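Okay, structure first, notes after.
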Amino acid sequence: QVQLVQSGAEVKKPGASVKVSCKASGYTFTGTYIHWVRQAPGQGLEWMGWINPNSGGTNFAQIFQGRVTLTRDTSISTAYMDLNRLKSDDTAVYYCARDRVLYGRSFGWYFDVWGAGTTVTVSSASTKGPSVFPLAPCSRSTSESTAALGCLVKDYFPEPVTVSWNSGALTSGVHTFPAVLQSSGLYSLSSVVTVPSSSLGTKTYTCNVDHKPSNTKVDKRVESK
Amino acid sequence: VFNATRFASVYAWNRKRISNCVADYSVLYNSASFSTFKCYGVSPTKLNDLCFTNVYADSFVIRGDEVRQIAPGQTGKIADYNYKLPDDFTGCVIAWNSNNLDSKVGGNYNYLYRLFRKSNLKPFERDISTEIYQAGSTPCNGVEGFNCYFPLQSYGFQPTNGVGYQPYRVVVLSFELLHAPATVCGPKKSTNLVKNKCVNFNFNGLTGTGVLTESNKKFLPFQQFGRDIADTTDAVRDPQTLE
Amino acid sequence: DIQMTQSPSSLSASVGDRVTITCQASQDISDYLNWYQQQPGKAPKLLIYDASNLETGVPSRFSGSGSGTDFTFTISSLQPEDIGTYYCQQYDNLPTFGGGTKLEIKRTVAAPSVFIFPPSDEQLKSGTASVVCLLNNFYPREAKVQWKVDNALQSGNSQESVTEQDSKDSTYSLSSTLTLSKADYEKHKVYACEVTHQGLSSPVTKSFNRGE
Amino acid sequence: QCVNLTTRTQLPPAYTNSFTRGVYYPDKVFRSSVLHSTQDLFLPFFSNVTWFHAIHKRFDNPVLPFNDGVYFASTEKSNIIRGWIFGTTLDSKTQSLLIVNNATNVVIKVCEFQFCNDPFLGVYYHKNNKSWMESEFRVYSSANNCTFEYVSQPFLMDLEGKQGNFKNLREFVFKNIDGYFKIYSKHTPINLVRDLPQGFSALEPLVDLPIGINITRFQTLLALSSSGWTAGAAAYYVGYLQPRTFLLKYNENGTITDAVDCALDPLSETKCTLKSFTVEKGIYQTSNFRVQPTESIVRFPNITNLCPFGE
Ligand SMILES: *[C@@H]1O[C@H](CO)[C@@H](O[C@@H]2O[C@H](CO)[C@@H](O[C@H]3O[C@H](CO)[C@@H](O)[C@H](O)[C@@H]3O)[C@H](O)[C@H]2NC(C)=O)[C@H](O)[C@H]1NC(C)=O
Ligand SMILES: *[C@@H]1O[C@H](CO)[C@@H](O[C@@H]2O[C@H](CO)[C@@H](O[C@H]3O[C@H](CO)[C@@H](O)[C@H](O)[C@@H]3O)[C@H](O)[C@H]2NC(C)=O)[C@H](O)[C@H]1NC(C)=O
Ligand SMILES: *[C@@H]1O[C@H](CO)[C@@H](O[C@@H]2O[C@H](CO)[C@@H](O[C@H]3O[C@H](CO)[C@@H](O)[C@H](O)[C@@H]3O)[C@H](O)[C@H]2NC(C)=O)[C@H](O)[C@H]1NC(C)=O
Ligand SMILES: *[C@@H]1O[C@H](CO)[C@@H](O[C@@H]2O[C@H](CO)[C@@H](O[C@H]3O[C@H](CO)[C@@H](O)[C@H](O)[C@@H]3O)[C@H](O)[C@H]2NC(C)=O)[C@H](O)[C@H]1NC(C)=O
Ligand SMILES: *[C@@H]1O[C@H](CO[C@@H]2O[C@@H](C)[C@@H](O)[C@@H](O)[C@@H]2O)[C@@H](O[C@@H]2O[C@H](CO)[C@@H](O)[C@H](O)[C@H]2NC(C)=O)[C@H](O)[C@H]1NC(C)=O
Ligand SMILES: *[C@@H]1O[C@H](CO)[C@@H](O[C@@H]2O[C@H](CO)[C@@H](O)[C@H](O)[C@H]2NC(C)=O)[C@H](O)[C@H]1NC(C)=O
Ligand SMILES: *[C@@H]1O[C@H](CO)[C@@H](O)[C@H](O)[C@H]1NC(C)=O
Ligand SMILES: *[C@@H]1O[C@H](CO)[C@@H](O)[C@H](O)[C@H]1NC(C)=O
């Protein structure tokens with residue numbers, strides 16, 4: 001068994017710096033190189049550089065040379081990236097991955113084990129908790145057989161806003177949509193549930209919206225009109 | 001050891017300690033993948049019937065012309081300046097061609113030897129020094145000068161190189177035998193122990209014929225055997241139960 | 001630099017069918033190329049190394065072939081656990097990555113369950129009006145939406161988000177939001193969003209008005 | 001951190017007699033009731049060992065040669081000698097071996113170290129809690145390419161005690177042969193004020209380190225605003241091994257209880273030639289003598305032109 005464990009998600013201003021660590025365990029740390037690699041939201045993979053933990057020597061993809069620094073402490077078996085003067089477009093998921101212990105070539109990079117990764121988020125704005133609104137079907141008289149209803153989750157910034165229905169018991173017909181960035185730069189999303197039209201006039205529907213960065217945990221009930 | 005993706009350089013050759021484990025030298029020696037498998041104080045057929053005190057594997061890469069230098073008592077820039085076996089070496093030298101492991105169409109250059117040294121190095125030493133070598137009668141200071149040289153040189157392993165200029169991976173296994181408490185063995189299963197009867201015994205690969213008695217001798221922790229004036233074994237410590 | 005480009009950006013494939021993806025280099029790599037699978041919500045995983053050696057424990061269906069500048073990766077019979085993006089990366093000079101190929105499960109056409117929601121009294125109290133358009137459980141992704149106010153299209157103020165391919169029965173859902181000031185929502189008598197999709201023989205319309 | 005300690009008195013170098021100390025078990029074999037002849041790197045009998053000390057005022061930790069290997073001993077109280085540095089340059093141009101017994105672990109490490117000019121460890125003394133605590137490890141400023149590391153399972157070492165005589169003798173033999181650094185060791189209780197005691201005991205093998213480095217010199221580590229300090233009292237002795245035959249008396253329990261150094265004097269050579277610790281009245285044939293060569297003489301013709309092998 002082997003493992004690479006990243007730090008929790010990072011949130012920073014443009015022009016600032018971020019330091020992200022991978023704690024290695026289950027194998028000898030100085031045997032093979034550690035790479036750093038990233039992925040922008042919904043996009044392809046992008047390599048930063050590697051470090052050789054036996055030597056501390058490091059090589060970069062050009063674009064990141066003089067922006068990223070890689071380092072490591074051998075006693076604590078931890079590899080780090082320290083990244084200077086964060087662009088807004090440095091908002092991405094980041095990973096580190098190991099240089100193949102057996103059966104390769106002497107040169108070849110591979111990526112034979114990867115950690116779970118971490119998010120770096122870059123924005124000029126401060127932390128803001130979500131507002132939640134009823135996506136409720138117009139006129140009770142205009143649902144015919146099946147109805148849809150929901151929770152518009154609006155203008156909140158610290159990414160990972162989680163949503164659940166009827167204290168998390170309801171899951172049939174539920175969908176939650178990827179959060180999108182506004183022209184203000186903050187996030188918003190929808191969640192919606194499909195239900196029988198006959199139960200809408202008698203059952204209760206409610207959503208719980210949780211936003212740990214703003215310690216904000218808001219419940220509401222969804223009602224016809 | 002044998003399938004690791006990348007080996008160490010012959011100038012800076014790696015050493016791994018092998019201990020508290022069962023070896024199966026048949027799985028190694030019966031392989032077709034090895035071009036050299038030469039032992040120096042044991043036959044490779046007998047390695048399965050023995051137990052070993054300490055074992056070390058030394059791992060490095062050289063040119064196919066140079067595998068001849070890894071035998072003990074040889075000489076030339078590998079045996080003189082970066083990897084010498086002792087004249088009374090006991091162990092096995094194991095080597096194979098790496099022209100699909102260590103070799104690149106643009107040249108692989110990750111592997112280096114040592115071209116210069118003020119003296120020949122002693123058995124199983126390694127020199128990491130990047131000091132500039134003064135080949136001339138003049139001293140020099142700073143990074144370079146006339147008849148001052150960098151002491152290392154890189155191999156250019158390309159798959160277009162002829163056999164002999166291709167890379168060879170080398171492993172040297174460098175154990176000692178039947179003289180001290182043992183920690184690595186062949187795959188032999190123990191019997192029960194019987195006393196006061198004539199038996200063909202075998203303790204850690206010490207085979208003999210005799211009767212076993214509970215001794216009143218007081219061995220120290222580092223002693224596995226006792227010897228007679230004829231230098232024959234006349235007491236032993238049972239490796240299962242330490243009496 | 002050495003560029004890596006993958007020819008198919010995405011593929012729709014049924015269970016048991018053969019899948020092929022191509023990685024094209026800008027320069028002759030000999031065979032210094034590796035292939036990865038990334039499943040939705042997880043890190044990538046190495047499938048083939050050295051352009052044609054299968055990694056330990058990988059299902060026998062996965063394959064790779066070729067030499068020089070051009071390489072294939074193959075699944076001999078795709079199954080539901082294979083769904084994700086597949087990437088090449090080379091190693092002749094730096095580990096440069098390719099653009100990646102997405103795989104989706106192939107399914108019959110299905111028109112959306114299809115809805116709209118006017119801005120709430122709760123949201124209008126914040127000074128902003130967002131009206132949302134919902135399409136639910138359709139298959140051919142390219143579900144085209146448009147917004148209408150007094151039978152004219154607007155620009156620069158709508159957005160859309162699409163939910164990932166359903167693991168239960170291979171469906172897509174997207175919503176489009178049109179965001180406006182409160183006063184812009186007071187100005188216009190009539191709103192709609194309208195759908196063009198392969199499950200529909202004509203584009204569907206579903207208007208509402210303030211107070212209706 | 002590294003510091004140049006200055007607050008000490010100047011004394012000339014002391015020396016003492018190593019009577020019959022520095023014998024060790026030559027191999028991993030049991031023997032008993034026998035006189036066994038062995039040829040190895042041993043400390044000669046009655047050889048004149050260099051004497052070093054910490055007092056009050058005095059605290060000497062010089063770089064010393066390591067030619068053919070070392071017999072080291074500390075006559076000691078309060079755990080003041082804490083290990084050693086071994087190598088050639090001692091300054092990260094080359095590799096070196098570090099052995100330290102810090103307050104909680106033995107650490108054995110081999111890397112291109114940049115050691116201090118005078119390396120040491122330091123203890124805060126009797127401070128308020130009526131206790132002593134290690135707080136300084138001024139040994140190296142960097143440790144670059146590192147190829148062997150070991151750390152012991154943890155212990156507690158006491159950093160306290162004061163007596164008018166030393167209580168512990170700890171003896172070590174160090175050899176560096178065929179890439180292996182070999183340690184032999186003994187502890188014996190003592191009760192003496194000063195000077196390496198007259199007596200005999202054999203050192204058991206301790207450990208055998210596969211370090212693969214050249215060693216021509218070594219230095220010891222002692223435990224003590226960055227000058228002005230108290231040295232806890234402790235004595236140490238250094239002698240050098242050289243190749244010579246010893247005849248070893250294994251008692252009936254199989255411990256080396258005595259030895260003859262067969263090169264010490266004509267009576268010791270007679271004891272070895274007769275393979276006996278007692279000799280009768282007589283005249284005995286011993287090794288034939290021989291005047292050894294003073295220098296090498298080479299005589300070749302004064303021909304200088306190279307031979308035409310290109311042709
Ligand atoms: C182990 O380390 C030793 C110390 O660096 C090293 O000894 C040095 O070896 C060279 C070559 O023999 C000597 O160089 C001098 O040789 C003669 C004088 O002996 C002169 O004519 C030359 O011009 C040159 O100056 C060094 O003097 C010598 N230093 C010492 C202190 O002895 C060993 O060679 C090393 N051994 C191994 C196996 O690495
Ligand atoms: C003597 O030298 C030792 C070697 O450098 C040094 O050992 C280090 O001690 C610390 C503290 O115990 C260890 O820290 C780890 O402790 C446990 C291990 O299970 C973990 O729970 C902790 O999170 C932490 O990782 C170091 O790992 C250890 N280093 C090594 C290489 O073993 C001693 O601290 C030194 N003692 C003095 C008094 O200086
Ligand atoms: C012993 O430690 C040395 C210092 O940590 C280390 O030297 C370093 O070696 C690497 C190459 O392996 C050099 O990296 C640079 O090499 C050239 C320089 O022209 C560049 O083309 C590369 O891009 C890269 O930046 C380091 O510069 C070099 N450092 C120093 C101070 O010389 C040795 O490699 C170590 N020895 C062993 C056995 O590992
Ligand atoms: C070899 O090792 C033996 C075990 O340590 C050791 O035997 C011990 O010798 C002493 C001294 O003769 C005995 O001491 C006791 O003697 C009598 C009882 O017989 C008492 O009156 C005394 O008070 C004292 O307790 C030990 O009893 C004895 N142990 C055994 C198990 O018999 C040998 O002396 C050692 N031989 C050599 C050459 O060192
Ligand atoms: C025999 O020739 C070799 C090498 O071949 C020659 O290389 C050139 C020098 C040139 O003469 C070519 O036409 C030949 O093909 C000689 O090796 C050289 O020796 C010198 C020292 O005399 C050395 O500085 C060079 O580096 C060597 N060059 C090479 C390429 O090896 C060799 O000396 C000759 N043999 C004898 C016995 O004279
Ligand atoms: C401690 O003293 C030593 C020498 O007594 C100093 O070492 C010198 O360092 C300089 C560079 O600062 C070199 O030019 C010399 O060649 C060195 N001499 C020796 C004998 O090594 C050391 O710098 C001093 N350190 C402190 C902290 O004072
Ligand atoms: C021991 O050696 C020194 C020289 O290093 C010498 O002066 C001294 O007389 C010797 N000691 C004895 C007791 O002879
Ligand atoms: C007493 O010991 C504690 C540790 O137990 C230490 O933190 C403190 O500094 C000590 N106080 C004095 C005066 O030495």
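Neighbour counts are summed over all protein chains in view; Cβ atoms, including those assigned to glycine, are modelled from backbone coordinates with ideal geometry. The values are calculated or read from the model by the stated rules, or taken from the named source; no laboratory instrument gave them.
Here are the numbers for this structure:
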quantity: Counted residues, the stretch D:98-118 - those being in contact with a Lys or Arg (Cβ under 6 Å, 6 or more places away or on another chain) and buried (at least 21 other Cβ atoms within 10 Å of the Cβ); calculated: 1
quantity: Failed condition for B:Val22, given (1) away from chain A (no Cβ under 14 Å); (2) surrounded by 16 or more Cβ atoms within 10 Å (Cβ to Cβ); calculated: (2)
quantity: Residue within the stretch D:10-17 that is of a type in the set (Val, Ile, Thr) and away from ligand 7 (no atom under 16 Å from the Cβ) present; calculated: no
quantity: Given (1) closer than 29 Å to C:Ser173 by Cβ; (2) in contact with a strand residue (DSSP E or B) (Cβ under 9 Å, 6 or more places away or on another chain); (3) outside any strand (DSSP E or B), index of the condition A:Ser141 fails; calculated: (2)
quantity: Flag for B:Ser9 being in contact with a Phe, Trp or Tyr (Cβ under 6 Å, 6 or more places away or on another chain) and within 14 Å of chain A (Cβ to nearest Cβ); calculated: yes
quantity: Which listed residue is of a type in the set (S, T, N, Q) and under 27 Å from A:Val180 (Cβ atoms), from A:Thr74, A:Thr91, A:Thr69, A:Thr58; calculated: A:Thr91
quantity: Residue within the stretch D:155-170 that is more than 16 Å from ligand 4 (Cβ to nearest atom) and within 14 Å of chain B (Cβ to nearest Cβ) present; calculated: no
quantity: Entirely in the stretch C:22-130, the strands (runs of 3 or more DSSP E) that have 3 or more residues that are of a type outside the set (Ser, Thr, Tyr) and over 22 Å from the mean Cα position of the chain (by Cα); calculated: C:45-49
quantity: Matching residues in the stretch C:103-119 - criterion: being surrounded by fewer than 18 Cβ atoms within 10 Å (Cβ to Cβ) and either facing chain A (nearest Cβ under 9 Å) or not acidic (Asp, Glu) (or both); calculated: C:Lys106, C:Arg107, C:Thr108, C:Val109, C:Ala110, C:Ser113
quantity: Residue under evaluation C:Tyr86, criteria (1) within 8 Å of chain A (Cβ to nearest Cβ); (2) of a type in the set (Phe, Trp, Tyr); (3) touching a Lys or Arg at 6+ places or on another chain (Cβ under 9 Å), criterion not met; calculated: (1)
quantity: D:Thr9 being farther than 21 Å from D:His187 by Cα and either touching a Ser or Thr at 6+ places or on another chain (Cβ under 8 Å) or within 16 Å of ligand 3 (Cβ to nearest atom) (or both); calculated: no
quantity: Test: residue in the stretch B:97-117 that is within 16 Å of ligand 3 (Cβ to nearest atom), more than 8 Å from every other protein chain (Cβ to nearest Cβ), in contact with a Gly (Cβ under 6 Å, 6 or more places away or on another chain) and part of a loop (DSSP other than H, G, I, E, B); calculated: yes
quantity: Selection status of D:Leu121, among the hydrophobic types (A, V, I, L, M, F, W, C) and either within 16 Å of ligand 6 (Cβ to nearest atom) or assigned to a loop (DSSP other than H, G, I, E, B) (or both); calculated: no
quantity: Within the stretch D:223-242, tally of residues that are over 27 Å from D:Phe46 (Cα atoms) and part of a strand (DSSP E or B); calculated: 1
quantity: One residue from C:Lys206, C:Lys144, C:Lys189, C:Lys168 being among the basic types (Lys, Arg) and either within 25 Å of A:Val132 (Cα to Cα) or surrounded by 15 or more Cβ atoms within 10 Å (Cβ to Cβ) (or both); calculated: C:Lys206
quantity: Residue among D:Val63, D:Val3, D:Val34 that is farther than 17 Å from D:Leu203 by Cβ and within 16 Å of ligand 1 (Cβ to nearest atom); calculated: D:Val63
quantity: Pair list, Cβ under 9 Å, 6 or more apart: the stretch D:1-20 residue within 23 Å of D:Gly228 (Cα to Cα) and within 16 Å of ligand 8 (Cβ to nearest atom), other residue of a type in the set (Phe, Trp, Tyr) and not in a loop (DSSP other than H, G, I, E, B); calculated: none
quantity: Residue count for the stretch D:18-36, restricted to those that are within 16 Å of ligand 7 (Cβ to nearest atom) and of a type in the set (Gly, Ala, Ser); calculated: 1
quantity: Candidates D:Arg290, D:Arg194, D:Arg217, D:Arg244, filtered to the one that is within 16 Å of ligand 6 (Cβ to nearest atom), more than 14 Å from chain B (Cβ to nearest Cβ) and among the charged types (D, E, K, R); calculated: D:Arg217
quantity: Residues (small (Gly, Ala, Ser), farther than 18 Å from C:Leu78 by Cβ and surrounded by 14 or more Cβ atoms within 10 Å (Cβ to Cβ)) located in the stretch C:8-45; calculated: C:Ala25, C:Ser30, C:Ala43
quantity: Selection count where residues are of a type outside the set (A, V, I, L, M, F, W, C), buried (at least 19 other Cβ atoms within 10 Å of the Cβ) and more than 7 Å from chain C (Cβ to nearest Cβ), scope the stretch A:189-198; calculated: 1
quantity: Of all residues in the stretch D:214-231 being out of contact with any strand residue (DSSP E or B) (no Cβ under 6 Å at 6 or more places or on another chain) and more than 16 Å from ligand 3 (Cβ to nearest atom), the one that is farthest from D:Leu274 (Cα to Cα); calculated: D:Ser225
quantity: Those residues of the stretch A:124-141 which are more than 9 Å from every other protein chain (Cβ to nearest Cβ), surrounded by fewer than 20 Cβ atoms within 10 Å (Cβ to Cβ) and out of contact with any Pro (no Cβ under 7 Å at 6 or more places or on another chain), in sequence order; calculated: A:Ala125, A:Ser126, A:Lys128, A:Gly129, A:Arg140, A:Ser141
quantity: Qualifying positions in the stretch A:90-118 - closer than 14 Å to A:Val37 by Cβ and either in contact with a helix residue (DSSP H, G or I) (Cβ under 8 Å, 6 or more places away or on another chain) or polar (S, T, N, Q) (or both); calculated: A:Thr118
quantity: Scope the stretch B:123-163; condition assigned to a loop (DSSP other than H, G, I, E, B), away from ligand 1 (no atom under 16 Å from the Cβ) and within 30 Å of D:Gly179 (Cβ to Cβ); matching residues; calculated: B:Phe150, B:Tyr155, B:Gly156
quantity: Only one of D:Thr245, D:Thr270 that is β-branched (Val, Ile, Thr) and part of a strand (DSSP E or B); calculated: D:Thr245
quantity: Residue in the stretch A:165-188 that is closer than 23 Å to A:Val5 by Cα, more than 14 Å from chain B (Cβ to nearest Cβ) and not basic (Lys, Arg) present; calculated: no
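The rows are residues; the columns are (1) over 30 Å from A:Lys13 (Cα atoms); (2) touching a strand residue (DSSP E or B) at 6+ places or on another chain (Cβ under 6 Å); (3) not in a loop (DSSP other than H, G, I, E, B); (4) not assigned by CATH to the domain that holds A:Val11.
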position: A:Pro158; (1), (2), (3), (4): no, no, no, yes
position: A:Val193; (1), (2), (3), (4): yes, yes, yes, yes
position: A:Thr202; (1), (2), (3), (4): yes, no, no, yes
position: A:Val209; (1), (2), (3), (4): no, yes, yes, yes
